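Structure, as structure tokens:
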Amino acid sequence: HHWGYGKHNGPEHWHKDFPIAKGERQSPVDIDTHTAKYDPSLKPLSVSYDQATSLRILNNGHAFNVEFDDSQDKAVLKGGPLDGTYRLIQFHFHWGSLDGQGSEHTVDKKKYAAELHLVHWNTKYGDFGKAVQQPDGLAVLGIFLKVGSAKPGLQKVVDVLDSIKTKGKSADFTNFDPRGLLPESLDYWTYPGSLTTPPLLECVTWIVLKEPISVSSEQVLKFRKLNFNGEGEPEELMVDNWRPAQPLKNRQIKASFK
Ligand SMILES: O=S([O-])[O-]
Ligand SMILES: [Zn+2]
């Protein structure tokens, strides 16, 4: 019926409604560190999030998205392997039922507790909807989360979750600064891939940061209290909303570092 992460509508079933699921440039993938090619021609990433304007947080039934005003060049990503300017539209996470799983990308088969995705679209395309139809339309920054010390800049997000517990709920979420979610280093791996949920379009340049951020056990615990279902429906906790690693096929992962 409609896709999700259960036994009956989970990732292994998505291909029946979205045949691109078995495509040549699907994400996530496992990052084999010894096979990744250092590419000295890759430039440092440029993250300008000082003018970021967050607007709202929404539970869409598969994750929670923090949305930003993308009507002007306020929070952009450029540099790295990118040509042009990519504007931040939303961020969301993927997490597990246990601390040993939850990320989508893996590093030498290692899974992290969660994975943050900062989604950006290429301004040459004018809007998000046009950007997803192009091979270079989106740039997604992926950041792994491991459990350890709390991340102070994540607390504002954690505290509003009670208010968007079920599908379709939203809350005003202004003045949130996404700079509090970045690791210290911006070293990364990059490869051409896709969105990791339907419609699985192959329009993403992935930029996965090598350095994870730490979150406390209590912070990740609050993610696991959300619900996949709508209000008044039987409770299904929002956990394990990650797609497993897909075949690399004819692709090379490049590293910005050695
Ligand atoms: O942002 S990736 O989940 O499609
Ligand atoms: Zn994602």
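Every chain in the structure tokens has a letter given in the order shown (A, B, ...), and although residue numbers restart at 1 in each chain, ligands are simply numbered from 1 in the order shown.
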Please find the residues contacting ligand 1 at a distance of at most 12 Å between atoms, with only C-alpha atoms and all ligand atoms counted, and report them as a CSV table (one decimal) with N, CA, C and O atoms, in the first residue's frame.
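What ended up in selection30.csv:
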```
chain,number,residue,atom,x,y,z
A,26,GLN,N,21.8,4.6,-7.1
A,26,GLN,CA,21.0,4.6,-5.8
A,26,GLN,C,21.9,4.8,-4.6
A,26,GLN,O,23.1,4.4,-4.6
A,27,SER,N,21.3,5.4,-3.6
A,27,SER,CA,21.9,5.7,-2.3
A,27,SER,C,21.0,5.1,-1.2
A,27,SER,O,19.8,4.8,-1.5
A,28,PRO,N,21.6,4.8,0.0
A,28,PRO,CA,23.0,5.1,0.4
A,28,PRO,C,23.9,4.0,-0.1
A,28,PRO,O,23.3,3.0,-0.7
A,62,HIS,N,7.5,10.0,8.0
A,62,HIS,CA,8.7,9.1,7.7
A,62,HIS,C,9.8,9.7,8.5
A,62,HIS,O,10.8,8.9,8.8
A,63,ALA,N,9.8,10.9,8.8
A,63,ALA,CA,10.9,11.6,9.6
A,63,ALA,C,10.3,12.9,10.1
A,63,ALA,O,9.1,13.1,9.9
A,64,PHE,N,11.1,13.7,10.6
A,64,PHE,CA,10.7,15.1,10.9
A,64,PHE,C,11.6,16.1,10.1
A,64,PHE,O,12.9,15.8,10.1
A,65,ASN,N,11.0,17.0,9.5
A,65,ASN,CA,11.9,18.0,8.7
A,65,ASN,C,11.9,19.3,9.4
A,65,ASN,O,10.8,19.8,9.7
A,88,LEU,N,19.8,25.8,1.0
A,88,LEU,CA,19.3,24.9,2.0
A,88,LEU,C,17.7,25.0,2.0
A,88,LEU,O,17.2,26.1,2.2
A,89,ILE,N,17.1,23.9,1.9
A,89,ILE,CA,15.6,23.8,2.0
A,89,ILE,C,15.1,23.2,3.3
A,89,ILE,O,14.1,23.6,3.9
A,90,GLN,N,15.7,22.1,3.7
A,90,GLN,CA,15.3,21.4,4.9
A,90,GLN,C,16.4,20.5,5.4
A,90,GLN,O,17.3,20.1,4.7
A,91,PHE,N,16.3,20.1,6.7
A,91,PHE,CA,17.2,19.0,7.2
A,91,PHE,C,16.3,18.0,7.9
A,91,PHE,O,15.2,18.4,8.4
A,92,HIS,N,16.7,16.8,8.0
A,92,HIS,CA,16.0,15.7,8.7
A,92,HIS,C,17.0,14.6,9.1
A,92,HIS,O,18.2,14.8,8.7
A,93,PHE,N,16.6,13.7,9.9
A,93,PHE,CA,17.5,12.6,10.3
A,93,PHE,C,16.9,11.2,9.9
A,93,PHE,O,15.7,11.1,9.7
A,94,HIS,N,17.7,10.2,10.1
A,94,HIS,CA,17.4,8.8,10.0
A,94,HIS,C,18.0,8.2,11.2
A,94,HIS,O,19.1,8.6,11.6
A,95,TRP,N,17.2,7.3,11.9
A,95,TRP,CA,17.8,6.8,13.2
A,95,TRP,C,17.3,5.4,13.4
A,95,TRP,O,16.4,4.9,12.7
A,103,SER,N,22.1,4.8,10.8
A,103,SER,CA,22.6,5.6,9.7
A,103,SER,C,22.3,4.9,8.4
A,103,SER,O,22.0,3.7,8.3
A,104,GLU,N,22.3,5.6,7.3
A,104,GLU,CA,22.0,5.1,6.0
A,104,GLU,C,23.4,4.7,5.3
A,104,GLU,O,23.5,3.5,4.9
A,105,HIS,N,24.2,5.7,5.2
A,105,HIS,CA,25.6,5.4,4.7
A,105,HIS,C,26.3,4.6,5.8
A,105,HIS,O,25.9,4.8,7.0
A,115,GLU,N,21.8,9.6,11.2
A,115,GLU,CA,22.4,10.3,10.1
A,115,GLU,C,21.6,11.6,9.8
A,115,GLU,O,20.4,11.4,9.7
A,116,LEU,N,22.2,12.7,9.8
A,116,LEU,CA,21.6,14.0,9.5
A,116,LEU,C,21.8,14.3,8.0
A,116,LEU,O,22.9,14.2,7.5
A,117,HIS,N,20.7,14.7,7.4
A,117,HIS,CA,20.8,15.1,6.0
A,117,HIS,C,20.4,16.5,5.8
A,117,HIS,O,19.2,16.8,6.2
A,118,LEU,N,21.3,17.4,5.4
A,118,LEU,CA,21.0,18.8,5.0
A,118,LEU,C,20.7,18.9,3.5
A,118,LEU,O,21.7,18.6,2.8
A,119,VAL,N,19.5,19.1,3.1
A,119,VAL,CA,19.2,19.1,1.7
A,119,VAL,C,19.2,20.4,1.0
A,119,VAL,O,18.6,21.4,1.6
A,120,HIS,N,19.9,20.5,-0.1
A,120,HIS,CA,20.1,21.8,-0.8
A,120,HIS,C,19.7,21.6,-2.3
A,120,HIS,O,19.9,20.5,-2.8
A,121,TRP,N,19.2,22.7,-2.9
A,121,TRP,CA,18.9,22.5,-4.4
A,121,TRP,C,19.6,23.6,-5.2
A,121,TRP,O,19.8,24.7,-4.7
A,132,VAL,N,14.9,18.4,-8.7
A,132,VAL,CA,15.0,17.0,-8.6
A,132,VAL,C,14.9,16.2,-9.9
A,132,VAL,O,15.2,15.0,-9.9
A,138,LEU,N,20.4,18.4,-6.8
A,138,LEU,CA,20.5,18.5,-5.3
A,138,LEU,C,21.9,18.2,-4.8
A,138,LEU,O,22.6,17.4,-5.4
A,139,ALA,N,22.2,18.8,-3.6
A,139,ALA,CA,23.4,18.5,-2.9
A,139,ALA,C,23.0,18.1,-1.5
A,139,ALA,O,22.3,19.0,-0.9
A,140,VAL,N,23.3,16.9,-1.0
A,140,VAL,CA,22.9,16.6,0.4
A,140,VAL,C,24.2,16.4,1.2
A,140,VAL,O,25.0,15.6,0.7
A,141,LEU,N,24.2,17.2,2.3
A,141,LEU,CA,25.4,17.0,3.2
A,141,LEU,C,25.0,15.9,4.2
A,141,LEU,O,23.9,16.2,4.9
A,142,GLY,N,25.7,14.8,4.4
A,142,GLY,CA,25.3,13.8,5.3
A,142,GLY,C,26.3,13.9,6.5
A,142,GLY,O,27.5,13.9,6.3
A,143,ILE,N,25.8,13.8,7.7
A,143,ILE,CA,26.7,13.9,8.9
A,143,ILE,C,26.3,12.7,9.8
A,143,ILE,O,25.0,12.5,10.1
A,193,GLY,N,24.6,10.2,-6.4
A,193,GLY,CA,23.6,9.2,-5.9
A,193,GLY,C,22.2,9.7,-6.1
A,193,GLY,O,21.9,10.4,-7.0
A,194,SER,N,21.4,9.3,-5.1
A,194,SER,CA,19.9,9.6,-5.2
A,194,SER,C,19.3,10.0,-3.9
A,194,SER,O,20.0,9.9,-2.8
A,195,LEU,N,18.0,10.3,-3.9
A,195,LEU,CA,17.2,10.5,-2.7
A,195,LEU,C,17.2,9.1,-2.1
A,195,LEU,O,17.1,8.1,-2.8
A,196,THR,N,17.0,9.0,-0.7
A,196,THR,CA,17.0,7.7,-0.1
A,196,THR,C,15.6,7.3,0.3
A,196,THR,O,15.4,6.2,0.9
A,197,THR,N,14.6,8.2,0.0
A,197,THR,CA,13.2,7.7,0.1
A,197,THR,C,12.5,7.9,-1.2
A,197,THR,O,13.1,8.7,-2.1
A,198,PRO,N,11.4,7.2,-1.4
A,198,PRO,CA,10.7,7.5,-2.7
A,198,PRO,C,10.5,9.0,-2.8
A,198,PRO,O,10.2,9.7,-1.8
A,199,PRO,N,10.6,9.6,-4.0
A,199,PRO,CA,10.7,8.9,-5.3
A,199,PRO,C,12.1,8.4,-5.7
A,199,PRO,O,12.2,7.9,-6.9
A,200,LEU,N,13.0,8.4,-4.9
A,200,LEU,CA,14.4,7.8,-5.1
A,200,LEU,C,15.0,8.4,-6.4
A,200,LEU,O,15.8,7.7,-7.0
A,201,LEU,N,14.8,9.7,-6.7
A,201,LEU,CA,15.3,10.2,-8.0
A,201,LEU,C,16.9,10.3,-7.8
A,201,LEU,O,17.4,10.7,-6.8
A,202,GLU,N,17.5,10.1,-9.0
A,202,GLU,CA,19.0,10.1,-9.0
A,202,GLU,C,19.4,11.5,-9.4
A,202,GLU,O,20.0,11.7,-10.5
A,203,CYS,N,19.3,12.4,-8.5
A,203,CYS,CA,19.6,13.8,-8.7
A,203,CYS,C,20.5,14.4,-7.7
A,203,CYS,O,20.6,15.6,-7.6
A,204,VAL,N,21.2,13.6,-6.9
A,204,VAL,CA,21.9,14.0,-5.7
A,204,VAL,C,23.5,13.9,-5.9
A,204,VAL,O,23.9,12.8,-6.3
A,205,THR,N,24.1,14.9,-5.5
A,205,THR,CA,25.6,14.8,-5.3
A,205,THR,C,25.7,14.7,-3.8
A,205,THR,O,25.3,15.6,-3.0
A,206,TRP,N,26.1,13.5,-3.3
A,206,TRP,CA,26.2,13.4,-1.9
A,206,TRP,C,27.6,13.9,-1.3
A,206,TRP,O,28.6,13.6,-2.0
A,207,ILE,N,27.5,14.5,-0.2
A,207,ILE,CA,28.8,15.0,0.4
A,207,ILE,C,28.7,14.5,1.8
A,207,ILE,O,27.8,15.0,2.6
A,208,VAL,N,29.5,13.5,2.1
A,208,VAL,CA,29.3,12.8,3.5
A,208,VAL,C,30.5,13.2,4.3
A,208,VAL,O,31.7,12.9,3.8
A,241,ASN,N,14.1,4.2,10.4
A,241,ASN,CA,13.6,4.8,9.1
A,241,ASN,C,14.9,5.1,8.2
A,241,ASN,O,15.0,6.2,7.7
A,242,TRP,N,15.6,4.0,8.0
A,242,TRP,CA,16.8,4.1,7.2
A,242,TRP,C,16.7,3.0,6.1
A,242,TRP,O,16.2,1.9,6.3
A,243,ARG,N,17.3,3.3,4.9
A,243,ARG,CA,17.4,2.4,3.8
A,243,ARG,C,18.8,1.8,3.9
A,243,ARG,O,19.7,2.5,4.1
A,244,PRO,N,18.9,0.5,3.7
A,244,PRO,CA,20.2,-0.2,3.7
A,244,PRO,C,21.0,0.3,2.4
A,244,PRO,O,20.5,0.7,1.4
```
Quiz item: Tell me, which residues of region 8-219 of chain A carry DSSP alpha helix (DSSP H), written as a list in words?
Solution: residues 128, 129, 130, 131, 155, 156, 157, 158, 159, 160, 217, 218 and 219 of chain A
Take the residues from that selection and put them in a file with N, CA, C and O atoms, as a short mmCIF file (atom, residue, chain, number, x, y, z; two decimals), in the first residue's frame.
```cif
data_model
loop_
_atom_site.label_atom_id
_atom_site.label_comp_id
_atom_site.auth_asym_id
_atom_site.auth_seq_id
_atom_site.Cartn_x
_atom_site.Cartn_y
_atom_site.Cartn_z
N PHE A 128 12.74 23.85 -6.22
CA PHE A 128 13.06 22.48 -5.78
C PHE A 128 12.52 21.43 -6.70
O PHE A 128 13.21 20.44 -7.02
N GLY A 129 11.26 21.59 -7.10
CA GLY A 129 10.59 20.62 -7.97
C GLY A 129 11.29 20.43 -9.30
O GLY A 129 11.26 19.33 -9.87
N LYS A 130 11.87 21.50 -9.86
CA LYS A 130 12.58 21.39 -11.13
C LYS A 130 13.98 20.76 -10.85
O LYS A 130 14.38 19.95 -11.69
N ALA A 131 14.57 21.19 -9.74
CA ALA A 131 15.89 20.62 -9.37
C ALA A 131 15.90 19.12 -9.26
O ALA A 131 16.90 18.48 -9.73
N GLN A 155 19.64 20.45 21.14
CA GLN A 155 18.62 20.49 22.21
C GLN A 155 17.34 21.20 21.81
O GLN A 155 16.26 20.65 22.13
N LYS A 156 17.41 22.32 21.14
CA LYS A 156 16.19 23.00 20.71
C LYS A 156 15.30 22.11 19.87
O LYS A 156 14.04 22.16 19.98
N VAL A 157 15.91 21.26 19.02
CA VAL A 157 15.13 20.34 18.20
C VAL A 157 14.50 19.28 19.08
O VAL A 157 13.32 18.95 18.92
N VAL A 158 15.27 18.71 19.96
CA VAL A 158 14.80 17.64 20.84
C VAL A 158 13.58 18.10 21.65
O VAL A 158 12.65 17.32 21.77
N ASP A 159 13.67 19.30 22.15
CA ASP A 159 12.59 19.79 23.03
C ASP A 159 11.29 20.03 22.33
O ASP A 159 10.29 20.07 23.10
N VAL A 160 11.21 20.26 21.05
CA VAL A 160 9.93 20.49 20.35
C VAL A 160 9.29 19.21 19.86
O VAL A 160 8.16 19.23 19.34
N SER A 217 22.69 9.80 24.68
CA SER A 217 21.72 8.73 24.68
C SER A 217 20.29 9.27 24.87
O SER A 217 19.32 8.86 24.19
N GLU A 218 20.17 10.26 25.77
CA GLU A 218 18.88 10.88 26.09
C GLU A 218 18.34 11.66 24.89
O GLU A 218 17.11 11.68 24.70
N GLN A 219 19.25 12.29 24.17
CA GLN A 219 18.80 13.03 22.96
C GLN A 219 18.23 12.06 21.94
O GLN A 219 17.12 12.28 21.39
#
```
I'd like the contact shell of residue 254 (chain A) - 10 Å cut-off, only C-alpha atoms, skipping same-chain residues fewer than 4 positions apart - returned as a list in words.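 The residues that qualify are residues 31, 33, 35, 36, 37, 38, 39, 40, 42, 81, 188, 189, 190, 191 and 207 of chain A.
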Grab the residues selected above and save them as a PDB file, in the first residue's frame with C-alpha atoms.
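out08.pdb, freshly written:
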```pdb
ATOM      1  CA  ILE A  31      32.022   3.870   1.918  1.00  0.00           C
ATOM      2  CA  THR A  33      37.802   3.851   2.889  1.00  0.00           C
ATOM      3  CA  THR A  35      39.030   2.122  -2.243  1.00  0.00           C
ATOM      4  CA  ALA A  36      37.958   5.788  -2.075  1.00  0.00           C
ATOM      5  CA  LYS A  37      40.224   7.899  -4.291  1.00  0.00           C
ATOM      6  CA  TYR A  38      41.815  11.008  -2.829  1.00  0.00           C
ATOM      7  CA  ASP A  39      41.126  13.770  -5.427  1.00  0.00           C
ATOM      8  CA  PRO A  40      43.343  16.835  -4.983  1.00  0.00           C
ATOM      9  CA  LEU A  42      38.322  18.801  -5.007  1.00  0.00           C
ATOM     10  CA  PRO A  81      32.592  19.057  -5.964  1.00  0.00           C
ATOM     11  CA  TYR A 188      34.378  14.596   3.138  1.00  0.00           C
ATOM     12  CA  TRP A 189      33.695  11.831   0.703  1.00  0.00           C
ATOM     13  CA  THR A 190      31.545  12.506  -2.378  1.00  0.00           C
ATOM     14  CA  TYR A 191      29.750  10.375  -4.973  1.00  0.00           C
ATOM     15  CA  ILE A 207      28.770  15.030   0.416  1.00  0.00           C
TER      16      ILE A 207
END
```
_Given only C-alpha atoms and all ligand atoms as the basis, pick out the residue of A:68, A:180, A:144, A:47 nearest to ligand 2._
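With only C-alpha atoms and all ligand atoms as the atom set, the closest residue is A:144.
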As a tab-separated table (two decimals) with N, CA and C atoms, in the first residue's frame, please: the residues near residue 34 (chain A) (cut-off 12 Å, only C-alpha atoms, same-chain neighbours under 5 positions excluded).
```
chain	number	residue	atom	x	y	z
A	107	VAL	N	30.48	3.19	6.99
A	107	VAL	CA	31.92	3.46	6.62
A	107	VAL	C	32.64	2.16	6.92
A	108	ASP	N	33.15	1.49	5.92
A	108	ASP	CA	33.81	0.17	6.12
A	108	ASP	C	32.82	-0.71	6.91
A	252	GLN	N	32.55	5.78	-8.45
A	252	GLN	CA	33.78	5.92	-7.67
A	252	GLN	C	33.50	6.89	-6.53
A	253	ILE	N	33.93	6.55	-5.34
A	253	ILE	CA	33.78	7.52	-4.24
A	253	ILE	C	35.08	8.32	-4.17
A	254	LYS	N	35.00	9.63	-4.15
A	254	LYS	CA	36.24	10.44	-4.05
A	254	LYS	C	36.37	10.99	-2.67
A	255	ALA	N	37.59	11.16	-2.16
A	255	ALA	CA	37.78	11.76	-0.81
A	255	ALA	C	38.44	13.11	-0.97
A	258	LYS	N	43.39	12.80	2.64
A	258	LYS	CA	44.20	11.57	2.61
A	258	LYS	C	44.51	11.24	4.08
```
